[PDB]
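Presented below, as structure tokens, is a lone chain in the form deposited in one PDB entry.
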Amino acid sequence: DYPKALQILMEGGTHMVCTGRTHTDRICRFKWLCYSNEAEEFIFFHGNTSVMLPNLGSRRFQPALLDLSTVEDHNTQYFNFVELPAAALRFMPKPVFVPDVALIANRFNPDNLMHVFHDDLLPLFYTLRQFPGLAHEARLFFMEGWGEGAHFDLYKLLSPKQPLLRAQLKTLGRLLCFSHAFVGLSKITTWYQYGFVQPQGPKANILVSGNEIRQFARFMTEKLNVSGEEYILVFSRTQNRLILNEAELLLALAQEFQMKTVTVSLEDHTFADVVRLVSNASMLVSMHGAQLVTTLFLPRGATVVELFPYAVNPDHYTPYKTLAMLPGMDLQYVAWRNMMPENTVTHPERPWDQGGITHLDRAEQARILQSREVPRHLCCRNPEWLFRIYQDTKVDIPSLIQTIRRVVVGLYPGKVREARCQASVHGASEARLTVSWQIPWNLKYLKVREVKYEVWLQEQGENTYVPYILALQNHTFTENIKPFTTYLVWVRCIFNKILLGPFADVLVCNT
């Protein structure tokens, strides 16, 4: 309803309510957020019912309101708006309204399958499902400035409505206003950082586990219409980073591990067929590369074998190691390296970004050629890294087989209950303290190999009294227990040495 819509906007203005503490995981819900196609700016209109929560003042630019993309590149990462009085619409073209609920987001690299899944698809899947209804109603708006890219078919599976690119918005009018828009992508599913500040590596406190990956994987499998069976799957590339003796590799793996081997590639199968093959594979063998993000479709119990060309240290490039080894993935991971320069083929004459080093270096071409290992570096330009990563590789088959052969629950306790303490007296003036409790309520439903309890004693005033680990639900303390004194006592239960349960309410004990 155009007149009512324009009136609500011109008089009331924009409304914004956001989750989160800082820009790193603020997600915002907007009503009447506008966008100028000429200025390429989002606009917050101040009207007489406008709401801006949080109201950050100058901190809104330190560095930005929120993160549009999960990749912390300090560039396409950031979202902000500019402020105008709602009354300024009197001097502006009449706006075009977007009635769909929108999710606005930026893609870091839509042409790379790892970036697509890890930076965009998994975050979109769970960001959408944070908010009721978005998953079945939202239209994605990708604002970063890229076109469709090689995997647009995959982005389409995430929104029910056809996504729109920034270029297509210029055709809709000079001033667009969103009646209902969400802005921001959660980083909660991320596990890797690409090396902008320190060398690339896993993130420090990963909050995603196998069950969360698998729920996403099942969703993609159904949207791809692909929901005896022991085989090894070799995920080849056809353009660069080749396995030069692939046919001999396939035969040796089949004979050694005694099961059929099959090849797959992105270039010669539909993605649905890729997912179909990965999803029932017992082993996935592949050169390091973006196709290994399909590891997230493997069945429980499978093995990932990642091959690295000459001079490339597997411990420096662990996005698929990190994924394969997440808690609950139930995969095994094997890295194998080519250490034999006779088994590598370099390509020093290719375009600089496909590995070439003739592009322009003096005696630097000679440092690279003679370096036995690519040193730690930062994103994203390093010449030596691209030179070595785009080598082709002849796999030393006995070394690979021996390497593979060498390299082959979790519920936490509740609080203990009804904890109590009793002081007692013995000898002449000697004090004792007995502490007892009942097992956690959930323990009767579990089958746990080792159950222990940890008791912390503190004389009211100073530090703690060395925790005591016990198997029983009662213990009498004698040493360092003095009469006429108050002790605070805490108890927690521990499953299998490492699953630390919560502490109960502190007990105050008087001797």
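Each form is matched to the other, and the largest set of C-alpha atoms that superpose within 1.5 Å is called the rigid core. Residue indices: 1-based, along the sequence shown.
The same protein also has a form deposited in another entry, omitted here; what follows describes it.
- Once the rigid core is overlaid between the shown form and the other one, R21 does not reach a Cα shift of 2 Å, moving by less than that.
- When the rigid core is held fixed, the Cα atom of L446 travels 2 angstroms or more between the shown form and the other one.
- Comparing the forms between the shown form and the other one on their rigid core, the Cα displacement of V506 reaches 2 Å or more.
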